[PDB]
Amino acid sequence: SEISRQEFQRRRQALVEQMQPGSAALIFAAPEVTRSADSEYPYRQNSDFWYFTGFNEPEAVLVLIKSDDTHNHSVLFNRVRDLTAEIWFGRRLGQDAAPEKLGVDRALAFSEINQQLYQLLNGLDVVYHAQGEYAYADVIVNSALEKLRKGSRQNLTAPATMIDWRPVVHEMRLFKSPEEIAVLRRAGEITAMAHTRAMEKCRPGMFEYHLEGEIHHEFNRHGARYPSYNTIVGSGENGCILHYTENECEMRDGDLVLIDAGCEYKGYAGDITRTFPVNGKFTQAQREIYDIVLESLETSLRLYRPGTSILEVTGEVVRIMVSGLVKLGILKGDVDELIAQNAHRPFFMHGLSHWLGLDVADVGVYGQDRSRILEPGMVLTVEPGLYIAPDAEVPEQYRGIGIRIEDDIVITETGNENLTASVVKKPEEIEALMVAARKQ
């Protein structure tokens, strides 16, 4: 599953539909990024630029011109064909091939952007520009507008109105097409296979980074070359650090390991967390905490649907957590009073859910306290956790346990679809999986 040229075109048209007549929208590619000295990190296109193009080159700018309510057209600035640069560094789309390949009306050399952009903006009323997104983009836009402002003797005029297109575009991204959902479904499947693999490979004495290796290899084999975020493999006390990415420790017999890892497939993020015993068997204490987190996730999966909210479902999770922690003696007091005091917060200190898409922590308005009413097409994670610090004032057997369990879902007309349920999470199923692997 992928996103095709015609869909990128529909998206451009949908933006144009929302634009004022006599306007242009400017969407800039990501800069290349230094890793060390003359070596660069593998290129990652800006998500918004990608959303409108599927074009994976730097030094590119998409310009959507809405001349009036019936007439509009698109211009791409992109790197020129150049035999020598291409022999050295890779093929470039160039100007001749871009209109057919991408479905844009015209293509111009990026080297000419300062000579040409002001001409495209001249006489327009509105420019849509994500001011502050990139310095290099701001320089180009500001220079063009300055030429126009100062060019009255050449009969030039600048658009006086600049609108940030990010709110409009991010609202677009928040609601996935069926094609996007298909891509995300595949990202979920790939990511789940990687997590299953990690559980089947994990043995005491392996390093945390070994599981990262297994996961990344599995992503790659299905054509997801890169993770969507830096893989977290937190064993023992490291599981209590939320974005632990050092992954440097030897995994101990008797500890849990928390793996938060997700692929990037055709630009879209998977995002799964599973926590499991390094030795394949939960201790009683580990199981007692695990059961609370799992009940939290299972209840959330039953509840998530159009018409509820992240805030509302979070309330149910908080009650499950406080109730369970009281039962174990980690919290003490009346459940309702403890809920009113947000007494869970030392142990569950992050959000239950974030949007998911071209970014793992995806764009889109949540509403105050994530109260926005859910609707079909929204894609989000569900990631309850409990983290009991090594020095927590709690019964000793619970100290140093960090557990999170995370699935990716899409809101549907009738509830939700779980994209990541193909990797097990019931503790008996985790144990069975690991027992079977450990016998081989």
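The first residue of the sequence shown is number 1, and the count goes up from there.
- According to the PDB record, 82-90 carries the higher mean C-alpha B-factor of the two stretches 197-205 and 82-90.
- Taking only CA atoms, the mean B-factor in the PDB entry is higher for 64-72 than for the other of 64-72 and 376-384.
- In this PDB entry, the Cα temperature factor of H217 sits in the bottom third of its chain's modelled residues, the lowest group.
- In this PDB entry, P159 carries a Cα temperature factor that places it within the middle third of its chain's modelled residues.
- Sort the modelled residues of the chain by CA B factor and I401 lands in the highest third.
- In this PDB entry, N247 carries a Cα temperature factor that places it within the middle third of its chain's modelled residues.
- Ranked by C-alpha B-factor against the other modelled residues of its chain, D391 falls in the highest third.
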